[PDB]
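First the structure, in the form of structure tokens, and then the observations on it.
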Amino acid sequence: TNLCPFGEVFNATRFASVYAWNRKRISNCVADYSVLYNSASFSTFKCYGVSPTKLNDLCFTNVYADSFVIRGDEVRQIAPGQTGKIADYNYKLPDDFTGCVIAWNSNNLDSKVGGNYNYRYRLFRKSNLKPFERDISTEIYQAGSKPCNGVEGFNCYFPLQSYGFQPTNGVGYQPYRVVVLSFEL
Amino acid sequence: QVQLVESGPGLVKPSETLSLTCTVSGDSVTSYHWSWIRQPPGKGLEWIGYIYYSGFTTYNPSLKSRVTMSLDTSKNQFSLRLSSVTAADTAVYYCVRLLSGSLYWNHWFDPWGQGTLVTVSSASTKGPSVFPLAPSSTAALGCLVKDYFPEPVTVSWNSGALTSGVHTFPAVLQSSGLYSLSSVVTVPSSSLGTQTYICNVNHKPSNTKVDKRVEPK
Amino acid sequence: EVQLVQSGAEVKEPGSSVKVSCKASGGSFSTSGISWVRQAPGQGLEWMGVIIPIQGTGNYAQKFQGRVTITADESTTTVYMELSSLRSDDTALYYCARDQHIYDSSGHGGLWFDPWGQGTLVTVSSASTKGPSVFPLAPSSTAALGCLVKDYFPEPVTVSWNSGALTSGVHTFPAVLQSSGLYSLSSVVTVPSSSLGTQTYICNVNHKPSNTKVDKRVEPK
Amino acid sequence: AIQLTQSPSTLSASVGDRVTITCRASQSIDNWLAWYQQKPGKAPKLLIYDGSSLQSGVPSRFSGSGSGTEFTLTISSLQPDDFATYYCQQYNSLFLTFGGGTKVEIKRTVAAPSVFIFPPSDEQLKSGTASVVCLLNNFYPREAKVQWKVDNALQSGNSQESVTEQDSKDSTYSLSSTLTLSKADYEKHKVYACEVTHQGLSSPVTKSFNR
Amino acid sequence: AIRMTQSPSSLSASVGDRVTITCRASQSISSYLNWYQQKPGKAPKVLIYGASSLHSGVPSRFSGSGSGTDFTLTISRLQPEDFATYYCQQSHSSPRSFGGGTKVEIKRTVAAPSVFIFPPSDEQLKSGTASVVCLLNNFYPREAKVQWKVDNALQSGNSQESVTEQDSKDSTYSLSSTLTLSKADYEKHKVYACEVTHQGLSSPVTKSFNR
Amino acid sequence: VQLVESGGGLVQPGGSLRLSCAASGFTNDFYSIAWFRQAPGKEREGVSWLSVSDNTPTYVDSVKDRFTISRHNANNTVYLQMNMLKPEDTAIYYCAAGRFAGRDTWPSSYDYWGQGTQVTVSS
Ligand SMILES: *[C@@H]1O[C@H](CO[C@@H]2O[C@@H](C)[C@@H](O)[C@@H](O)[C@@H]2O)[C@@H](O[C@@H]2O[C@H](CO)[C@@H](O[C@@H]3O[C@H](CO)[C@@H](O)[C@H](O)[C@@H]3O)[C@H](O)[C@H]2NC(C)=O)[C@H](O)[C@H]1NC(C)=O
């Protein structure tokens, strides 16, 4: 009956920064995933655990769509068993992942001529993220022994770093909007 | 509050480049998306194209081959360049900010600039010929302002002493490229032989000032 | 680089509060620290506190804690510092500056304040605008003469000689803060003593805050 | 690609009346629609976006309501500041398109026009050109028909019309029609007539003169 | 709680010479030291950050070195636009403590001051107050001593001094001292004297007048 | 997991060629096969993708009708049938794999790479 609000997820004007990735629970609706896979706007479309064409057949309790913006080179990190800044301190997928990872270039939307600084990623953390955990704290990261009294300094770094997105950057440094469907049963 | 001011030549010869520039005050040019909307005189609005702050532009399909838009972040302004203009490209060009909606293609225009006027003609400045529309068989009289360029022509009666019943029609575009308008005023017919009616025609672009005494023939 | 613009000068009274704005031209707002540095007249620089706008709060030195609040308006890209409970020792220029903090991998490289605001002179006093009393420092037994600009507030007072025709040998000393709270300065100029009886020397005192302009002809007594 | 048609093209209503303007689209555009108010000689002003959301600062009498292919704009209590032209814009594609435009006006009682005609002056005839002017004064409503006849022959393609706005005093219109002929053509004819048709006129009115 | 100590506080050097400034920390600050240059009436500007890096646009004549607790800013060839005040700041931890600041002045030959004194005007005496001004003009170096004597009695706590910067032509200083007394006190004394002591003066110079 | 790539050579413009990529150490069919060509002075660019578990080919626009990719289940080998070749197609061809059902244009997304083969289109 009701159609799944996938238009509001893939086609939204604004995408959250990766460190504060936005999750939108989707339920009580019917969607066609086959046309999603055969679309031409999606440069990257990986499905783990379930084949793309069988999605519309199987029934799932809930579907979560996490959306964010990362660099082009960091798209490989959105996958089970990966390491790096994104897969450790910003967005971590479980090893037993059951879902699809969709990404497409959004250089025209998410770049600025002088550099777009509205997209940030966590750069340090006291420990690796557990799967599907969001950390939006902006407390100063203490990399040494002396306590950082909320002030940047020696061995005291601000964890959030902003992507410098410009339309002239190479492909590996252009923003990519990523949507990660996660099927839970 | 963002404020927008247009700038550019108001007279453009045919088959030339229409260069317009919109100066943004109150905020950076790269903080918002911008667009150009034009309106032919006495007709509906038309959308030309918009440019994102990333420099990527979308153009009207009918004008896609002649429209070029770009950002000048140094001067905090964006520009539109339209090539091979014709008589159908004369209009009022507004530069607007492009607000974004829920989905990435949803856009509406606010706030609008004042709007500049651009005229595509092939004639230089010319003085109007003032012919009396003499009262003949209330009384209606006037002066015909014909074959002048460019707009406007300002007409007053008896040095502004006569304002009641005065109607100055908007100018019309003749096939020759010159403008023409008529200005009329209704006065009691009983005082034609005693009152003096002189139309004060002023065409500042040609520096033409004619005081034509309107009297019965 | 980024450009920083502050508010204008302020004149306050002890026990009041002052709010100074610092509007960043932009470029990395919400992640770049905006530090506030104050400089007492004729003294050294001093670091008050820093704010990183996304944090929301502000961190301060262990000398202004409890009476300095730093807040950020993200929409307007402006940072506000409110220094409450002003006293005599808070008369100073207040700069806003931006932090950089380039660190390679071990601690090499540090923070520095690359862009600075023009400065917001904040003066704490207990006296309103007052016109200066100009008395002639008449030459008497090169010749030295001047005009004593006494008992005015607030700064500055500009002094010229013969409507600017005399500039060589002119010295305008900095204003001094008298015990009464009024400022006072002198301006003198060295001229040949042989031409005192033939040349006219008039000091053009201009105190714009009180709109006082006195042209006092300096002549021997 | 997506056409917007507004109906009616012109609407007349007095102050305090309820005014309804309809914008109709060729393809479904969801709630993606905006309304602009255009007063003569000024820039358009945004009123409503997303179908029914109200722009900040706009008076509350403006109401938007509709979805799919039909939308409406409603003014609860028409006011003197609400006499302008209203455009509907659709933004459900990469080709943003406006509507035709609806003009609202100060409704008043029907008024008949006054007709005047002017022969060309001798000064202009010396230059070799003749212009004949027909004047329509102080009529309402705006819809009017003017026909030119030379030697009782209907003219076409040699005349132009110009109409002023509603008058600030009596809310009427004034119209002028001009016939242009060369002196040789002017001296080849004797009778020139102007015919006026208006709702406030029971029968067409004709003014004429002889060369 | 880390303090910085500069040395010297004020040095004299000529154009093209070599200038050495030391900045020492109470405890180790790694390499988190900066150097700032401030010219009168202007905001400070960065020269060295990270103790060893040059800011973009800095002339290469400036050089910084050191780590831990001992640092050094060195100017290879002094320039007429390099005379300013240099502050060293530690960025190690809050509070980022600036040093006392070192003022680099134009070294030149010793010059003796000229002394002048001014009795208060009658107009000021009518107001009930008397101000006595002692003037020191065009001397170098800056260190100078001024003493006030009323009826040969040394004055203290009733006089103020003001000194100009180095002159743009001969690099000298000028100093003015003001003695303030009430009219009653002024009329209770007759002799007012001002004594000047300077390195360029062989003996103290005194100017005096009688009421 | 081992990939064996073969079938390259030299061909005139407008000709056809067939490339073979055999995947050995895959326990099940849940994987994908991709083809990347590296033009001289250019990074690797994907041209075709096949999800084995779904047998759903995908192509970039530039070769949308000129290339055809299919898998023969008997030998577990994927064949890329290249037709209407142009001099723009002269590059080293690699076939990659990944333990996912789908496609990705980033070469770093693929963990297993066969040794490349050289294909030159010239007259
Ligand atoms: C995100 O948005 C895209 C684009 O949406 C389309 O373009 C916008 C500018 C607006 O005009 C939208 O109203 C418009 O739908 C969606 O992709 C589009 O999907 C539609 C189907 O929903 C495609 O239409 C098809 O067209 C083919 C012919 O080419 C027909 O055979 C089909 O029957 C069908 O009508 C359309 O081609 C497609 N656009 C592009 C560029 O591929 C997309 O669906 C949406 N996201 C989600 C999750 O729905």
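Chain letters run A, B, ... following the sequence lines, proteins first and then strands; every chain starts at 1. Quick note: numbers below take in every heavy atom, side chains included, and nothing from hydrogens, waters or symmetry partners. All ligand and atom numbering here is 1-based and tracks the order in the structure.
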**Message:** For F/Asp89, is there an ion pair with F/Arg37 - N to carboxylate O distance below 4.0 angstrom?
**Reply:** yes

**Request:** To the nearest 0.5 angstrom, please state how far the NZ atom of A/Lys46 sits from the OH atom of A/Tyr48.
**Result:** 4.0 Å

**Fill in**
By salt bridge (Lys or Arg N to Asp or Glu O under 4.0 Å), B/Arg38 pairs with (sequence neighbours left out) B/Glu46, B/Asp89

Write 'none' if nothing qualifies; otherwise put on separate lines each N/O atom of ligand 1 with a protein N/O atom under 3.5 Å away and their distance to 0.1 Å.
{"residue": "ligand 1", "atom": "2 (O)", "partner": "A/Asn11", "partner atom": "OD1", "Å": "3.2"}
{"residue": "ligand 1", "atom": "2 (O)", "partner": "A/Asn11", "partner atom": "ND2", "Å": "2.3"}
{"residue": "ligand 1", "atom": "11 (O)", "partner": "D/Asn92", "partner atom": "O", "Å": "3.1"}
{"residue": "ligand 1", "atom": "46 (N)", "partner": "A/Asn11", "partner atom": "ND2", "Å": "2.9"}

**Message:** Whether the A/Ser51 and F/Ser53 side chains hold a donor-acceptor pair (N or O, under 3.5 Å, no angle test) is what I'd like checked.
**Reply:** yes

**Request:** Indicate whether any N or O donor in one side chain lies under 3.5 Å from an N or O acceptor in the other, for D/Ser26 and D/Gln3.
**Result:** yes

**A/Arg134 side-chain N/O to A/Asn22 backbone N/O, donor-acceptor pair under 3.5 Å** = no

